[PDB]
Structure formats: structure tokens, C-alpha cells
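The structure appears right after this line, and notes come after that.
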Amino acid sequence: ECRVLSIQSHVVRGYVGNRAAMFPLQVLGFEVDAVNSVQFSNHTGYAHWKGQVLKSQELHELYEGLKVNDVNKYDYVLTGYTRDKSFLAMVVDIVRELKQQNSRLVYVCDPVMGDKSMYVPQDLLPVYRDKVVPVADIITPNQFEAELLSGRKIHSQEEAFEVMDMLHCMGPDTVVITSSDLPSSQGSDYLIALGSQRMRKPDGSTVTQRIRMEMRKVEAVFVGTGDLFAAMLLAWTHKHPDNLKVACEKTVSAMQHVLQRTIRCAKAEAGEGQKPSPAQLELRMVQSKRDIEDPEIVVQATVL
Amino acid sequence: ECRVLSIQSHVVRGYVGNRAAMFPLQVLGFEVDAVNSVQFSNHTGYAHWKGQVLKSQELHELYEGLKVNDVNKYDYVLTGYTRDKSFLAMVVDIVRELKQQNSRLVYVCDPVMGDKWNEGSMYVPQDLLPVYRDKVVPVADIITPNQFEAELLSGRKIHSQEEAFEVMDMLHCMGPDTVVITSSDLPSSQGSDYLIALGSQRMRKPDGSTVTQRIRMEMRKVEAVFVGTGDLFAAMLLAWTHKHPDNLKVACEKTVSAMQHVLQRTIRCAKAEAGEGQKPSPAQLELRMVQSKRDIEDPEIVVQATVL
């Protein structure tokens, strides 16, 4: 009923990019057309990796193959980590063409650039700032990426929501900072996540619903969390288009279930007191199917 | 707990090869490592298709990346459509190495070569028949050929159920302990609208002797061309024989019922998209797999096999 075009990485083993996004979206009832931007044996956190990268021209070929068969029709577009400027520009062209075809198409974009250090070529920051974010409808940056895109440092929740207002102005009606260094009432081990949604009333007036979320931190390095998060947020905002509170509660709860099961099974696979390897920390995606289909609400968002 | 190495095609839209095999396997509780042997916009049944094919050396590089990380560990290997002799030979090398590392590894192979025109025709290079005969099938444990492929591999033509099972015995001799002829020209008890499928499994006895369990099944024929059916069938047969290792009857009943549910829903939705009385396009005939999730998880048994 609802078709998503996901243009992301593919790994033979593991869950990142499309591997982390297609399965959940599929179990949540979405048809998914997947462009594997790369094919690697595993993600680059392993000691070794081998694979091939799809060229931008090759991406264009695949899109034109869908187009000439008149099956380039989508309700959503979903993207995440990209290392090549050409590739991201081609993605923006595809998004613009699709939105010209369907004005109600929702572009969900994780503007992957950095964290805490920027681990993407610097020439992509302008592209994300001036080309990608403007045509995005839902963006899931972390705090550092929100600062990069806005140009302003965030020292407070008030400043964070001012930056999120700037990002709203740049395009997306829904902005979720998924991770931040903001202090939490609950403790130092809770991370703060913020949500802002511009809701257009029939009055013609627009009101900004703002929400606060705090989640217990899992102290382990996971790969693909942003991709899973953006995919499930796509799903749950689709089901709750004017209730970002519930959409984010469900997304964060499913994430918590997935990460809890993953760390449990990783510690089991490794020895007690032993640090799980990157191979052992792969998101236990299939085993969380049920939790992804209907997540038990384990986090409550606070309306501001 | 169970990891399958699936080396098959990937399509951006649709369900063939890995697209048709990963999702059911994943939904049935299997971990899947997928080598996309190609990335096409869609399957070759469409009017057009664009993309790239993975080179045999590239397959080697990916497998070596898994190996050097010591994650070349698999309980199953699953393959289907391959058009390159070198790619198939590399698959055979990989399977041999894995079976040296794991003697219990189960190689599920759909020896895709051709089918029938109500006379037979191959849709793969002829150079693949020897490789499938002398290299692939000998290291396979479960093969799901149609009647045409069984005849090609055995060198005998099948004219009766008796001859079909003699050919399946020859295929057993060649290697695989489980042989399912998914499609056949054999006459059905219900008429021409039902198709015949056969199953044969060599069971090692507690005495050490070997006995062959044989089964017959009839399915309603669906009047439409579907792509990826063989891949979905091989995947779900892998899953259900893993659950039912010594009961080919129940495994095949579940697999064929899931196929029937998926195909029924697909043809219904395809006729809905198209007009009443209008032939559905290949794009409209894509297996409605997501919408069939639950039927794949626990299919309603709508077909019953007869043990011979």
C-alpha cells in the first residue's frame, strides 16, 4: 500500500543501511524498493572489509530502469550514509523529480556527517545544508549534525529548539535530534532526544509541537542505529502523522528493544567480562521482528 | 542460530533471487548473509531492466572479506539462477571449502536451467549443464529441479511417475539426498488444471541402510506467469525441511501451501490493479510478499501429499 525507495548501503553480513532498514519496514507493512549504494562483506568497523561501491551513474541507471517501466512511483524516500558528493546530488535530483510527480511524497533523510569529529568528506556539509535538507520532510540529525547544518553551537534545550526552528525554516516540517549532550533530569546516563513538528491547522495557522525524550544509554558501539531509527520513525509517523509524541515513543521503544536484545546476545556470544567484537554486536534484527511490529512503549515523550 | 549464505540476484523492485528469499527466511527466523550476484532495477521478465552483474572475482573478494574476519560460518548455502560458468565454479569452490569447515552444512541448490513449453527449452548457457551435472549437483544436498532439469541432469526422458522416480534415484546417486521435482507433465488425478510435484528423500537407517521416502502432490495451477517462484519455493523448503528434517511430506505441504497463498493473493491483487478481464503486467504480478508475511509465517495447509 505504501512504497518506500531506500537508497543505502548493503552488507553481505550485518545490519546497516538497507539491511537495517528494509526488513523492519517490510515487517511494518511497507513495500520497499532497495538501491544498494555499496556491497561490502561487512561494515568498516570490522578489522577487515572488502567490497565494491555503486557509482552515481549506476544509481542513475537503476532509477532509469524503474522509470522506463513506469514503476518509479513512491510514497516515501529514505536515505542515510553517503560518502560521495555526486551520489548525494543524484539522490537530490531523484527526490526532486519524485516530489514533482507526487506532491505528498515524504523524504526522510538521516544527514550522516559526524558525531560528538566529522567522518564524512567535508565537501558534503554544504550539499546537505543547501541541497538535501531543503527538500527533506523529516530529518533525524544528531546534535553535532544539527549544529553543522545550522552553523550555531547548542548549549541548552532552548538553544537546541531555536536551532531546530532554523532547520524547520530550511525545509523539513519534522526535526528529531536523536542524540545530544544535553543534561537530563534522570541522570548522566540518559541521553536527551528532541522532537519538533510544524502542524498546519485548517485555520491556516501553524503550531509547533515540541517534545522531549530521555533514554537510558546502551554503553556499546552499534552500527546502523541511525538507519533503523529513521526507518521506524518513517513507519510510525506514517501511522501517527499529527502525533509526533506517539510516533517517537514507538520508534524509541522499538530501538530500545532491539539494542537491549542485541547487547544481551552480544555479551552472551562473547565471554563474561569480555568486550563483544563488532561481529558480535550486529543488531539482532530478525529476532526482534515482533518487538518491531508492535513495540511495548518503554519511553514517554514530554510535550512542551 | 541458523545462518544461510544466499548467493543470488538482487532487484531494486520486486521479488526474485535474494529479494524473494531473504525476507521469508528472515520472517521464518533465519539469519541470512546475502551476496547479491547482480543488482538490476527489476527482473528480466519486465520489458526493460538495467543494472550490473557481480564478477566472479568480485564474489571471491567478498567471500575473502568474510573469511579474513572469520565470519565464513554457515549452516546452509542457497543458490538459484546463475548465468556464468565461472560464477558457478566459484560457488562450487566456496561450497566445498565451507563443507570442509562444516561437514553438516546443507547446500540447497535450485539448478535453474530451463522449463517446458507444454518440448523443453533452456534459458541458461548450455555450458552450465555439465557444470551443474558434474560439479554443482554432486555437492548439493537439496535440489529443486523441474522435470526438464531432472531430465537434463539424468540424461533420461520422463514419461511416467515410475520413470520420474527412477530419474530422482539417479539424481540421488549424483549427490543430493533430497530431490523435489517441483513441476511436471505427469497426469493428475483431478484433471489438467492440477499440476503434479514429486518428492524423494534418502534416509539413512539406524541399521546403516538407506531407504527412499517418496511423495506425490497436486496443486491447482495458477494461470499467470510469475517470476521468483522457484527462489521463494527453495527458500521456504529450506526453512521447512530445517524444521521437518525427516518428514518431507509436511515440509513440502507447508512450502506448497505458502506458495499457494502468496500466488492467490498476488493474482487477486494483480487483477485488481489491472482491469476486469485485462491481462496483468509483469509489474502487477510481482509476488505480494510483504502482504503475505503471516501466510509465510504459518501457512494454512491447503494441499495434502500422498506418501508412496
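Letters A, B, ... go to the chains of the C-alpha cells in the order shown; residues in each chain start at 1; ligands are counted from 1 in the same order.
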Selection: 9 Å around residue 210 (chain A), only C-alpha atoms, excl. self and same-chain fewer than 5 positions, as a ChimeraX atom specification: /A:161,194-198,244-245,302-304
Those of region 26-144 of chain A in DSSP alpha helix (DSSP H), formatted as a PyMOL selection string: chain A and resi 26-27+56-68+85-101+124-127+143-144
Please write the residues from the selection above to a file, keeping N, CA and C atoms, as an mmCIF file, in the first residue's frame.
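Okay, out_38.cif is ready:
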```cif
data_model
loop_
_atom_site.group_PDB
_atom_site.id
_atom_site.type_symbol
_atom_site.label_atom_id
_atom_site.label_comp_id
_atom_site.auth_asym_id
_atom_site.auth_seq_id
_atom_site.Cartn_x
_atom_site.Cartn_y
_atom_site.Cartn_z
ATOM 1 N N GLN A 26 9.601 -3.691 5.979
ATOM 2 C CA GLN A 26 8.811 -4.763 5.383
ATOM 3 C C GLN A 26 7.879 -5.400 6.407
ATOM 4 N N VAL A 27 8.361 -5.626 7.634
ATOM 5 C CA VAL A 27 7.504 -6.264 8.624
ATOM 6 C C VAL A 27 6.449 -5.291 9.137
ATOM 7 N N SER A 56 27.584 6.643 -9.118
ATOM 8 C CA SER A 56 26.441 7.507 -9.257
ATOM 9 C C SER A 56 25.738 7.270 -10.557
ATOM 10 N N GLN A 57 26.472 6.999 -11.619
ATOM 11 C CA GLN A 57 25.932 6.654 -12.893
ATOM 12 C C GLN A 57 25.166 5.379 -12.828
ATOM 13 N N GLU A 58 25.652 4.420 -12.081
ATOM 14 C CA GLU A 58 24.995 3.173 -11.885
ATOM 15 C C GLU A 58 23.706 3.371 -11.116
ATOM 16 N N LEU A 59 23.683 4.281 -10.165
ATOM 17 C CA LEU A 59 22.468 4.613 -9.467
ATOM 18 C C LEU A 59 21.453 5.199 -10.420
ATOM 19 N N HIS A 60 21.910 6.047 -11.320
ATOM 20 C CA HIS A 60 21.103 6.649 -12.308
ATOM 21 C C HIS A 60 20.514 5.598 -13.225
ATOM 22 N N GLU A 61 21.286 4.597 -13.585
ATOM 23 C CA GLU A 61 20.822 3.522 -14.410
ATOM 24 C C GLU A 61 19.716 2.760 -13.765
ATOM 25 N N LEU A 62 19.872 2.454 -12.523
ATOM 26 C CA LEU A 62 18.813 1.739 -11.810
ATOM 27 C C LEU A 62 17.538 2.574 -11.728
ATOM 28 N N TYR A 63 17.675 3.859 -11.400
ATOM 29 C CA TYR A 63 16.497 4.714 -11.335
ATOM 30 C C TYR A 63 15.811 4.798 -12.693
ATOM 31 N N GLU A 64 16.592 4.933 -13.770
ATOM 32 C CA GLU A 64 16.006 4.995 -15.104
ATOM 33 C C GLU A 64 15.374 3.667 -15.502
ATOM 34 N N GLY A 65 15.908 2.551 -15.010
ATOM 35 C CA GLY A 65 15.260 1.274 -15.249
ATOM 36 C C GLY A 65 13.891 1.203 -14.603
ATOM 37 N N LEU A 66 13.786 1.682 -13.363
ATOM 38 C CA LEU A 66 12.471 1.775 -12.730
ATOM 39 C C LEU A 66 11.566 2.749 -13.481
ATOM 40 N N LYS A 67 12.146 3.837 -13.987
ATOM 41 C CA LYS A 67 11.366 4.907 -14.600
ATOM 42 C C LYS A 67 10.787 4.483 -15.942
ATOM 43 N N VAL A 68 11.586 3.803 -16.769
ATOM 44 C CA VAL A 68 11.126 3.409 -18.094
ATOM 45 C C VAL A 68 10.060 2.328 -18.012
ATOM 46 N N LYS A 85 29.860 13.076 -2.971
ATOM 47 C CA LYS A 85 29.023 14.230 -3.289
ATOM 48 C C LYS A 85 28.153 13.959 -4.510
ATOM 49 N N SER A 86 28.680 13.303 -5.518
ATOM 50 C CA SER A 86 27.936 13.018 -6.718
ATOM 51 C C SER A 86 26.750 12.180 -6.468
ATOM 52 N N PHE A 87 26.918 11.221 -5.602
ATOM 53 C CA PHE A 87 25.875 10.320 -5.267
ATOM 54 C C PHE A 87 24.754 11.033 -4.564
ATOM 55 N N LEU A 88 25.080 11.888 -3.610
ATOM 56 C CA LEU A 88 24.074 12.650 -2.876
ATOM 57 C C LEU A 88 23.342 13.624 -3.790
ATOM 58 N N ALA A 89 24.062 14.247 -4.726
ATOM 59 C CA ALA A 89 23.411 15.146 -5.675
ATOM 60 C C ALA A 89 22.429 14.390 -6.564
ATOM 61 N N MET A 90 22.799 13.217 -7.005
ATOM 62 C CA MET A 90 21.926 12.412 -7.794
ATOM 63 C C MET A 90 20.714 12.000 -6.983
ATOM 64 N N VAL A 91 20.883 11.721 -5.716
ATOM 65 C CA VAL A 91 19.764 11.410 -4.833
ATOM 66 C C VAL A 91 18.827 12.603 -4.726
ATOM 67 N N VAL A 92 19.390 13.808 -4.631
ATOM 68 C CA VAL A 92 18.560 15.007 -4.551
ATOM 69 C C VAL A 92 17.769 15.189 -5.840
ATOM 70 N N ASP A 93 18.402 14.930 -6.985
ATOM 71 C CA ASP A 93 17.678 15.013 -8.251
ATOM 72 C C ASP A 93 16.518 14.026 -8.279
ATOM 73 N N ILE A 94 16.759 12.797 -7.820
ATOM 74 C CA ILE A 94 15.700 11.791 -7.789
ATOM 75 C C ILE A 94 14.566 12.243 -6.881
ATOM 76 N N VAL A 95 14.905 12.773 -5.705
ATOM 77 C CA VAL A 95 13.880 13.230 -4.772
ATOM 78 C C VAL A 95 13.066 14.359 -5.387
ATOM 79 N N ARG A 96 13.733 15.309 -6.047
ATOM 80 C CA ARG A 96 13.015 16.431 -6.643
ATOM 81 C C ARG A 96 12.086 15.960 -7.754
ATOM 82 N N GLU A 97 12.562 15.055 -8.612
ATOM 83 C CA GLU A 97 11.709 14.518 -9.668
ATOM 84 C C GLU A 97 10.501 13.797 -9.077
ATOM 85 N N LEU A 98 10.731 12.956 -8.064
ATOM 86 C CA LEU A 98 9.634 12.201 -7.469
ATOM 87 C C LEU A 98 8.618 13.125 -6.809
ATOM 88 N N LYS A 99 9.088 14.162 -6.113
ATOM 89 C CA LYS A 99 8.165 15.092 -5.471
ATOM 90 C C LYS A 99 7.400 15.908 -6.501
ATOM 91 N N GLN A 100 8.028 16.215 -7.638
ATOM 92 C CA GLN A 100 7.288 16.823 -8.736
ATOM 93 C C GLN A 100 6.221 15.869 -9.257
ATOM 94 N N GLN A 101 6.480 14.558 -9.202
ATOM 95 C CA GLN A 101 5.458 13.591 -9.590
ATOM 96 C C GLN A 101 4.375 13.451 -8.522
ATOM 97 N N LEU A 124 30.658 17.501 1.715
ATOM 98 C CA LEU A 124 29.254 17.123 1.796
ATOM 99 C C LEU A 124 28.444 18.013 2.729
ATOM 100 N N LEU A 125 29.090 18.737 3.645
ATOM 101 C CA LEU A 125 28.331 19.611 4.535
ATOM 102 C C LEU A 125 27.540 20.656 3.759
ATOM 103 N N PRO A 126 28.131 21.416 2.832
ATOM 104 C CA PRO A 126 27.301 22.326 2.024
ATOM 105 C C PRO A 126 26.165 21.611 1.314
ATOM 106 N N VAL A 127 26.450 20.449 0.723
ATOM 107 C CA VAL A 127 25.437 19.725 -0.042
ATOM 108 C C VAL A 127 24.244 19.391 0.844
ATOM 109 N N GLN A 143 22.946 15.915 17.520
ATOM 110 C CA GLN A 143 23.195 17.299 17.904
ATOM 111 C C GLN A 143 24.295 17.917 17.049
ATOM 112 N N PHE A 144 25.404 17.196 16.867
ATOM 113 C CA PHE A 144 26.524 17.757 16.119
ATOM 114 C C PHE A 144 26.126 18.074 14.683
#
```
Exercise answer, chain B residues close to chain A, 8 Å and only C-alpha atoms, as a PyMOL selection string: chain B and resi 11-14+23+26-27+29-35+39-42+46-52+58+61-66+68-69+71+283+290-291+293
For the selection you just gave me, I'd like the residues written to a file as a tab-separated table (two decimals), in the first residue's frame, keeping C-alpha atoms.
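What follows is the written file selection-v6.tsv:
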```
chain	number	residue	atom	x	y	z
B	11	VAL	CA	16.36	-6.40	-7.78
B	12	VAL	CA	15.56	-2.87	-6.64
B	13	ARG	CA	11.84	-3.50	-7.18
B	14	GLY	CA	10.27	-6.93	-6.96
B	23	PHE	CA	12.53	-11.75	3.52
B	26	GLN	CA	14.18	-13.64	7.81
B	27	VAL	CA	10.49	-13.77	8.72
B	29	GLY	CA	13.62	-16.87	11.88
B	30	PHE	CA	16.74	-17.39	9.75
B	31	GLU	CA	19.80	-15.16	9.67
B	32	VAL	CA	20.76	-14.53	6.04
B	33	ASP	CA	24.08	-13.38	4.60
B	34	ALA	CA	23.23	-12.30	1.05
B	35	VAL	CA	25.69	-11.96	-1.81
B	39	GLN	CA	21.80	-5.54	-8.93
B	40	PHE	CA	19.11	-4.90	-11.55
B	41	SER	CA	16.28	-2.38	-11.45
B	42	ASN	CA	13.83	-5.31	-11.78
B	46	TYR	CA	9.93	-6.80	-17.44
B	47	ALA	CA	10.11	-5.08	-20.81
B	48	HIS	CA	13.36	-3.43	-19.67
B	49	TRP	CA	15.96	-3.93	-16.98
B	50	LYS	CA	19.18	-2.10	-16.12
B	51	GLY	CA	21.95	-2.83	-13.66
B	52	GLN	CA	25.22	-4.65	-13.15
B	58	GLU	CA	34.25	-9.85	-7.01
B	61	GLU	CA	36.71	-10.78	-2.88
B	62	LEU	CA	33.50	-10.62	-0.86
B	63	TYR	CA	33.90	-14.20	0.35
B	64	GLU	CA	37.52	-13.49	1.29
B	65	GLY	CA	36.41	-10.43	3.23
B	66	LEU	CA	34.05	-12.66	5.19
B	68	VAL	CA	39.56	-12.98	6.88
B	69	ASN	CA	37.08	-11.78	9.52
B	71	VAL	CA	32.69	-14.99	9.62
B	283	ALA	CA	4.95	-5.36	-12.70
B	290	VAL	CA	5.01	-8.28	2.40
B	291	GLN	CA	1.22	-8.64	2.44
B	293	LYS	CA	4.06	-12.23	5.67
```
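Taking CA of residue 308 (chain B) as the reference point, CA of residue 210 (chain B) is found at 16.2 Å.
Shell of region 242-247 of chain B at 8 Å, with only C-alpha atoms counted and residues fewer than 4 places along the chain excluded, is residues 203, 238 and 251 of chain B.
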How would the residues just chosen look if you wrote them out with C-alpha atoms as an mmCIF file, in the first residue's frame?
```cif
data_model
loop_
_atom_site.group_PDB
_atom_site.id
_atom_site.type_symbol
_atom_site.label_atom_id
_atom_site.label_comp_id
_atom_site.auth_asym_id
_atom_site.auth_seq_id
_atom_site.Cartn_x
_atom_site.Cartn_y
_atom_site.Cartn_z
ATOM 1 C CA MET B 203 17.012 -41.565 4.763
ATOM 2 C CA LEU B 238 14.947 -24.877 3.182
ATOM 3 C CA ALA B 251 7.815 -29.647 4.732
#
```
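With distances restricted to only C-alpha atoms, B:43 is the closest residue to residue 20 (chain B) from B:43, B:3, B:73, B:202.
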Residue neighbourhood region 227-238 of chain A, 7 Å, only C-alpha atoms, exclusion window fewer than 5 positions, as a PDB file with C-alpha atoms, in the first residue's frame:
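What follows is the written file selection-v2.pdb:
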```pdb
ATOM      1  CA  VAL A  16      23.477  -1.281   8.240  1.00  0.00           C
ATOM      2  CA  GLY A  17      21.936   0.814   5.502  1.00  0.00           C
ATOM      3  CA  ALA A  20      18.961  -2.324   8.736  1.00  0.00           C
ATOM      4  CA  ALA A  21      16.041  -0.525   7.050  1.00  0.00           C
ATOM      5  CA  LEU A  25       9.874  -1.514   7.052  1.00  0.00           C
ATOM      6  CA  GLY A  80      21.323   7.781   5.110  1.00  0.00           C
ATOM      7  CA  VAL A 108      13.051  11.002   5.285  1.00  0.00           C
ATOM      8  CA  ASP A 110      19.407  11.000   8.037  1.00  0.00           C
ATOM      9  CA  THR A 140      16.970  12.773  12.093  1.00  0.00           C
ATOM     10  CA  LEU A 244       4.851  13.005  16.851  1.00  0.00           C
ATOM     11  CA  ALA A 247       5.446   8.146  16.738  1.00  0.00           C
ATOM     12  CA  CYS A 248       8.649   8.905  18.638  1.00  0.00           C
ATOM     13  CA  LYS A 250       7.089   3.846  19.468  1.00  0.00           C
ATOM     14  CA  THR A 251      10.278   4.411  17.455  1.00  0.00           C
ATOM     15  CA  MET A 255      15.052   0.905  19.212  1.00  0.00           C
TER      16      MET A 255
END
```
Spatial neighbours of region 112-117 of chain B, max dist 8 Å, only C-alpha atoms, sep filter under 6 positions, as a VMD selection string: chain B and resid 80 to 82 123 to 124 128 to 129 145 to 149
For those residues, write N, CA and C atoms to a file as a PDB file, in the first residue's frame.
```pdb
ATOM      1  N   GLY B  80      20.466 -20.207  -6.805  1.00  0.00           N
ATOM      2  CA  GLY B  80      19.447 -20.419  -7.805  1.00  0.00           C
ATOM      3  C   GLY B  80      19.939 -20.028  -9.181  1.00  0.00           C
ATOM      4  N   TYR B  81      19.411 -18.930  -9.706  1.00  0.00           N
ATOM      5  CA  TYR B  81      19.719 -18.524 -11.067  1.00  0.00           C
ATOM      6  C   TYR B  81      21.150 -18.011 -11.155  1.00  0.00           C
ATOM      7  N   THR B  82      21.945 -18.649 -12.011  1.00  0.00           N
ATOM      8  CA  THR B  82      23.293 -18.218 -12.343  1.00  0.00           C
ATOM      9  C   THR B  82      23.485 -18.425 -13.838  1.00  0.00           C
ATOM     10  N   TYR B 123      17.000 -21.674 -20.595  1.00  0.00           N
ATOM     11  CA  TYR B 123      17.249 -20.238 -20.580  1.00  0.00           C
ATOM     12  C   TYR B 123      18.575 -19.899 -19.897  1.00  0.00           C
ATOM     13  N   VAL B 124      19.532 -20.817 -19.935  1.00  0.00           N
ATOM     14  CA  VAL B 124      20.895 -20.537 -19.484  1.00  0.00           C
ATOM     15  C   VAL B 124      21.870 -21.108 -20.505  1.00  0.00           C
ATOM     16  N   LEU B 128      26.520 -24.548 -18.868  1.00  0.00           N
ATOM     17  CA  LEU B 128      26.208 -24.750 -17.459  1.00  0.00           C
ATOM     18  C   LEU B 128      25.688 -26.150 -17.157  1.00  0.00           C
ATOM     19  N   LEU B 129      25.141 -26.860 -18.146  1.00  0.00           N
ATOM     20  CA  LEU B 129      24.633 -28.202 -17.867  1.00  0.00           C
ATOM     21  C   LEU B 129      25.733 -29.126 -17.363  1.00  0.00           C
ATOM     22  N   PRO B 145      14.805 -29.194  -8.883  1.00  0.00           N
ATOM     23  CA  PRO B 145      14.641 -29.045 -10.330  1.00  0.00           C
ATOM     24  C   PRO B 145      13.194 -29.249 -10.736  1.00  0.00           C
ATOM     25  N   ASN B 146      12.821 -28.641 -11.855  1.00  0.00           N
ATOM     26  CA  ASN B 146      11.596 -29.039 -12.527  1.00  0.00           C
ATOM     27  C   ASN B 146      11.887 -30.290 -13.353  1.00  0.00           C
ATOM     28  N   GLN B 147      10.852 -30.834 -13.994  1.00  0.00           N
ATOM     29  CA  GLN B 147      11.032 -32.077 -14.737  1.00  0.00           C
ATOM     30  C   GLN B 147      12.093 -31.925 -15.821  1.00  0.00           C
ATOM     31  N   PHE B 148      12.073 -30.802 -16.543  1.00  0.00           N
ATOM     32  CA  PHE B 148      13.040 -30.592 -17.616  1.00  0.00           C
ATOM     33  C   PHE B 148      14.470 -30.661 -17.093  1.00  0.00           C
ATOM     34  N   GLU B 149      14.736 -30.018 -15.958  1.00  0.00           N
ATOM     35  CA  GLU B 149      16.089 -30.006 -15.416  1.00  0.00           C
ATOM     36  C   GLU B 149      16.497 -31.388 -14.923  1.00  0.00           C
TER      37      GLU B 149
END
```
Strand (DSSP E or B) positions in region 70-178 of chain B, given as a VMD selection string: chain B and resid 76 to 79 106 to 109 114 to 116 120 to 122 142 to 143 178
